[PDB]
Amino acid sequence: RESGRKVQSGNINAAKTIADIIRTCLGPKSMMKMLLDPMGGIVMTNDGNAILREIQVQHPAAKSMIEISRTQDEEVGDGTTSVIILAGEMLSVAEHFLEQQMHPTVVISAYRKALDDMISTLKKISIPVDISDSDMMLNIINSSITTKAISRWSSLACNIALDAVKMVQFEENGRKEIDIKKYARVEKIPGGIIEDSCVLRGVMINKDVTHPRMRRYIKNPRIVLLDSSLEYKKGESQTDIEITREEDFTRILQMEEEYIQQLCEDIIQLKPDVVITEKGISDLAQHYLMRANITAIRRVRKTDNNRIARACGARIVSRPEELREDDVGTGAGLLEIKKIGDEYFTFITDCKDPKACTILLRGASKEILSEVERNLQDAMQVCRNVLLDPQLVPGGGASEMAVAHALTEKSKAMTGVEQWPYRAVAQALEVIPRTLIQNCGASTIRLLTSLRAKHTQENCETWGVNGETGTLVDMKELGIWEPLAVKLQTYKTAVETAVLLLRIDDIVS
Amino acid sequence: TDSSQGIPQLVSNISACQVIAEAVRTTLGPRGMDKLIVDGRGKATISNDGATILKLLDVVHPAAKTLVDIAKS
Amino acid sequence: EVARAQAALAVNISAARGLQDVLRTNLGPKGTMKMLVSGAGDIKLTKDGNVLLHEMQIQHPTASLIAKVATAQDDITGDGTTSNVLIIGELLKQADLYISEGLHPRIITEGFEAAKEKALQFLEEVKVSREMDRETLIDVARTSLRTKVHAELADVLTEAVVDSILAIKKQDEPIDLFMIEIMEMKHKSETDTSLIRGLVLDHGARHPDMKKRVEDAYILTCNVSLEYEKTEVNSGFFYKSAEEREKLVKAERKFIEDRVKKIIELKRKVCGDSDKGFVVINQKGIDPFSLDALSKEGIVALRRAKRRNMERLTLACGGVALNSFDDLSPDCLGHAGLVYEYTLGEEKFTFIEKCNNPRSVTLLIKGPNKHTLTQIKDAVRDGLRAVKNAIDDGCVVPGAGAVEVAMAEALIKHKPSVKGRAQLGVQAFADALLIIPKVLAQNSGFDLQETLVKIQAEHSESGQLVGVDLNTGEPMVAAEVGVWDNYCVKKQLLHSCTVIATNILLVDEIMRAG
Amino acid sequence: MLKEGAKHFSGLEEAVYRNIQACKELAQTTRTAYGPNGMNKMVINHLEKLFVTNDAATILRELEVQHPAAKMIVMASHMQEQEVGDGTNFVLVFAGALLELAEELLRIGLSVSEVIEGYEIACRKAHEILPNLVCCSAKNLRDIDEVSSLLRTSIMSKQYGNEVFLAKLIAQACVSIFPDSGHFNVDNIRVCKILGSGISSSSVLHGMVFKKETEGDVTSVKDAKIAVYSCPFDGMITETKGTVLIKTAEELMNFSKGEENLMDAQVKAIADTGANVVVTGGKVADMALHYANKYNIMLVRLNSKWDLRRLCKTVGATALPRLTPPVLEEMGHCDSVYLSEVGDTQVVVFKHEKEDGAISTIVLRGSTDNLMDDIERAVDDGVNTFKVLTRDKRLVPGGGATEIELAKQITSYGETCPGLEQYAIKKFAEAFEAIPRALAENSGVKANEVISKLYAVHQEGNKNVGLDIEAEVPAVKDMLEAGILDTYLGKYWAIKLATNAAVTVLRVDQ
């Protein structure tokens, strides 16, 4: 058990110890964390999710740090390093001084006012990006990839991502919000030429849909969605009687061939030749579709079936009865089998249900495959954020300084006792500028001073400090950009983390 | 595996001998000074010549063992 | 529980510093041989930098990191891994002095980047084209072996290594990945290494002198057993009744009989005369009975050969590996021009040499079966990887720290990128290199400053890569002597040193992990 | 360390100092050894006996060291043990002496690597002047005095009381069956201890000697091929026991009837196959004995492990467990099998007459088996010095009389060459001086006196010293003309291996 003053100081330390090295990793300039094992081995990492999971944290407040980076990772996957830095520095600067007077809830109210202050500044600072022009979105992706530090396979990945995300964009919710990227997938193929990377329609499956018989080419026939119940019944549509006797066996079997026969008949009417069954498909049942002259694909997981349903873009049905061209298989499914290797790869193309695409990636090996696939993963996150909100924000610490003076101006104007927390959130922003100064190797005093001076003359529209040139620089000129939405969400999560942690004033087991 | 060497090592070996030479010191006639040597098997033992009992002793030096062996000879 | 900031950098530099000591007394021929009993208690004799890191017990994160990057270098060149550590250590030392006065790690790193580009372009300028003649291969071969063994035994291994590479041109590989079969012989001296063109076999016949010279050899490499004795088996285990096991014993023995018979029919069909021999190599036994019958027909039959012998035979000889015997044409069987049996030591080794269509040469190392015979094995190993590089590149420079002073001189004088940020790492980069030549002088007993001023001046006047004569530890022209280094050696110390440095330099926390 | 990795127990201070001091302790057991001595070293090991040796091979293997520097030389000594006999001690003292001298060099400011270089040079010059120190050689190997002079040096190294009798004995009993010119066998000569009688009562017997008593009739046929079985009898049927005596009375009748009829068949199979001498390491029952009297087979009651071992090497035999009838496959090269009592104990005598693969036995008679273990060292080294594989063995002065000669030449030669090498060359001279020091220590006087007075007489090639009173004060004895000679080959491998061993161990630092 901890109580009172122990807790406030604890929060700040736990945040802080995670932060020191992880802040440095942000930007093309990346410091590499050593983790030393008891076995005497080494794991070297730049990725925030990896550092956090590996280390042993004893303190419950530390665990809250870890879990908020899970929050971030789930929404984007970039800025994951960032959220704990930001969240830490709110607590350092505000907390201990204002506690002695005693007002916690005040610091919290101030955080969320300030947060709103920052969201509004962003719309002005940012200019629109065309969400159907490839060239303009491309430079943005180019900024994000080089954080990871791969810069060769990256070049391909960017472009393939652009078409993949765009084609899985079609989400309606009355306001036309896009978070859809769940129709998208990466099909991995060991082997072949290193440079054949393309996009093909629907959703393509291989994680358990590699089978020796699948009809080699389908260029017309449909897929028939089923969660049936294609398997026999020993009664009508449920089992009422058991086989344990010679007499029971004989009677029951007649019923079992009938049930199967009427199912296949409702499947064949809408003309398939490739038929998918999630489960409820037996050794006698599959033999019945062969005798129906229907190729059956069977015993393949529920996740694959969700995927194949999305690929034709047609709804599933568990309804065993009268499956129509109108209900299942709606539009055209198509099935291509290529042997890239001597292994069966299944493309399912064509989605009706406006569009859908997934990615072909061909390595020449497993290792070669992986490099592209991660960097493509960064890439389609950007593509998405640009689609979501159609403004692109200038990178680095330029955006941070704009907000830094808006809070100096707001906090003076209001002259509440919220004033001093505003001032602590203004300075919490400045860490990102300090990280970029450190990255070149110049003194913090000299470059921060100049940056502040640029606010006064030109308002830090794009004039920040960049860590790969160690000077004040127009970010637009360099081709340093990032999307608005990524900035907003990183900021968002950091205030939530700062607010929640500050509410813990006592920890009691 | 033990190894020991030296001029004090030589001195050791002789010192062990004295201890067995004392066991048998006098037994020429019937005077000297005995102590009944009773074993851990619960047997009481004396003999008429002191070399007998000496044969039974197991010496933890090899150098001292030579002097045991010539007794047997 | 954390070492942060100054405390994190401190741990890496301290380790590099103790390590450096060890692997300078492995550097060049003037370095010293090392043994381990500290790895497991048993007696190993090894004189390679990568290898020595694996054999020991490494728990320190900085030592371990250097061992991992080492692994890549060791595969490609197998030389310069004695060097890897030395350049890393000094490279850190330089950095440390500036930091302690007051300098950021990141500016150090930038100037490393600038350093690396210039340094690599210097290799390209300074490289001297060589031929692909024997003479020129002798000199890559001799200096690399000289690293890993003595001067005396190394000169013997020089001959063996070079004829193999000439033969590999015939196959038209530009690489080596075959002709690396190292086979050991039982002897009372190690100052012989013999070259055997084809293959060598671990054991020969159990019956000596069947026909121990085969003029015309038709090699059937098989691996089904022609001996399985009188043991009572069923499916290879005991069964409940005696009789059921027995019934199988008859049919199994009968199967063997017919297969021995196929050797008798095969000799007429392929041979037809005893003016030609016939070779059998069975990786499994053959009855003593079966050898006498085969022997009079003028067949040498080998028993208890290995699976490694079999794969090698199939490549070199043009042979087959079959799970049957039967009656097969000579079109299928491989041919060797010569077979000779050479008995030496306590084990006699049947040689099957002058193979047609070879792709495997065997370098036959004689030795007493001590750790010394393992020492020439790992010397010979990396000497093959060395002369492989000479075939890879076109250009081989004179070494002995000749290359390294030349490259250091080029950096000190101008800024490679013209900025002060770069310049702080660049000094650091240049002095790190100087460790390799100066230290050959140190081992020998010749003061280190005196060779630096001389060696560097003579570069300036001439344009010669003047090097070190190892033994005096005084300078001399590395070209004439034969102390040479490949393009790949001087490339791979450069790449390994930069990458390894910048991840330890850029620590800011080391925190323990389960 | 500074590292929690990179394990070493040697290096820095510990390579330079600790390794050398350890070599020095091993080689203390050979600064009481080699030539004239009265030293005895007792070593136990729970062998149910006392083991007395003045041979390096048995001392070394017993003694374990945890450092690679000291452990490595033991292997070099074994190598010289295979190729040659006595001088094993000389290999270890040399390497160990040179290493003490080396450390002093390191101290001054000289580097390791030149010192390493200068030994290879000194070793090459010493071998080159070595066949020019031949002063005497054999020409006939069937002549007992020319062989015995050679033998004598091996024996001497053990005790200085058993030189005369033994040196004659081995040559008398033959190790000259082989030509010794391409081929020699040393597992077809053993040293066979017969307990009982004095050690001047040690005798000549030709071919395989086994102690175990003979039972039954004895053969003298030439159809007698050896069959060896570890256990061919144990009772052909084993009992179980249900009344805790027998299982039971009617069954005991059958167990005995089946043993006697199975043993009849087994022993008749041996009789028929041409095996007319069977070696039993099992137990001779009455039933088994009764059969072998009828077939006419010499029967050897018992054997121990040691006796079985010599049959498998010499014969080309195998020792099979049996209770089901076998046949010949052990075979044998022995025609004749005779019976003769050595030690007043019935001994089995094997013989055949040939050059190659021919057998001999230096057989000993002794009060205890301990006294016979030391004598054995003298004798087995005397067989291993015979091996040179020539009939002109190019004998050089034994007993350490060469040593001072080598030292004088080497020190002068050192002066001529320049650089740092030379100091190692000089040290290389003073390592040979180790041998004259150890002979001085047992003799009872200091080192200064012997080395100076050998040097004083200049080039001689005879001078060495004994345990005597002649060995002390004028410190001059003739060991060319006392018939103390050793072979050129024995001194060659001793010096060669020792220089190689000293260089590899001086290199270590891991």
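In chain C, numbers come from Swiss-Prot; the residues present are 12-525, in order.
Every residue, even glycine, has its Cβ placed from backbone N, Cα and C.
Residues annotated as ATP binding site in Swiss-Prot: C:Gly39, C:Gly91, C:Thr92, C:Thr93, C:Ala411, C:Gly412, C:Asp496, C:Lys501. Look at Swiss-Prot and you will find C:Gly39, C:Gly91, C:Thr92, C:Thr93, C:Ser94, C:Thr158, C:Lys159, C:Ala411, C:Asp496 tagged as ADP binding site. Per Swiss-Prot, Mg(2+) binding site is recorded for C:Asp90. The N6-acetyllysine feature in Swiss-Prot is assigned to C:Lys199, C:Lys287, C:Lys365, C:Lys377, C:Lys388. Look at Swiss-Prot and you will find C:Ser205 tagged as phosphoserine. Taken from Swiss-Prot, the feature SUMO2 cross-link covers C:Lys251.
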Least surrounded among the recorded positions, given as C:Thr93, C:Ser94, C:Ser205, when other CB atoms within 10 Å are counted: C:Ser205
Which of C:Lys199, C:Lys251, C:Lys287, C:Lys388, the listed recorded positions, has fewest other Cβ atoms within 10 Å: C:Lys251
C:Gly39 (ATP binding site) and C:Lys159 (ADP binding site), Cα-Cα, nearest whole angstrom: 8
For C:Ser94 (ADP binding site), the one of C:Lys251, C:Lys287, C:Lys365, C:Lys377, C:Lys388 that lies nearest, given that the recorded positions are compared by Cα: C:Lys388
Nearest of the modified residues (C:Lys365, C:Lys377, C:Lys388) to C:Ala411 (ATP binding site) - Cα to Cα: C:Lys388
Nearest of the modified residues (C:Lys199, C:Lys377, C:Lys388) to C:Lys501 (ATP binding site) - Cα to Cα: C:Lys388
Intermolecular Cβ proximity, recorded positions C:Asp90, C:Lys199, C:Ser205, C:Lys287, C:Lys388, C:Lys501 versus chain D, under 8 Å: C:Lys199
Max pairwise CA distance, angstrom, over record-listed ADP binders C:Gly39, C:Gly91, C:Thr92, C:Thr93, C:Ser94, C:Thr158, C:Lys159, C:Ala411, C:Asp496: 15
Count of other CB atoms lying within 10 Å of the CB belonging to C:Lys365 (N6-acetyllysine): 16
For C:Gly91 (ATP binding site), nearby residues of its own chain (Cβ under 8 Å, 6 or more apart in sequence): C:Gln84, C:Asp496, C:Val500, C:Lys501, C:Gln503, C:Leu504
Lowest local Cβ density among C:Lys159, C:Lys377, C:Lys501, which the record lists as recorded positions, within 10 Å: C:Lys377
Of the binding-site residues listed as C:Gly39, C:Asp90, C:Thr92, C:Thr93, the one whose CA lies nearest the CA of C:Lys388 (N6-acetyllysine): C:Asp90
Three-state secondary structure, C:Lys377 (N6-acetyllysine) (per DSSP): strand
Residue from C:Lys199, C:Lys251, C:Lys287, C:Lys365, C:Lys377 whose C-alpha is spatially nearest that of C:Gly39 (ATP binding site), among the recorded positions: C:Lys377
Shortest C-alpha distance to C:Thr92 (ATP binding site) - which of the recorded positions C:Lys199, C:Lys251, C:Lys365, C:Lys377: C:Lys377
Distance, the residue listed as 'phosphoserine' to C:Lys287 (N6-acetyllysine) (CA atoms, angstrom): 27
Recorded positions near C:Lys199 (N6-acetyllysine), in sequence order, restricted to C:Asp90, C:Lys251, C:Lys377, C:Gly412 and a 10 Å Cα cut-off: C:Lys377
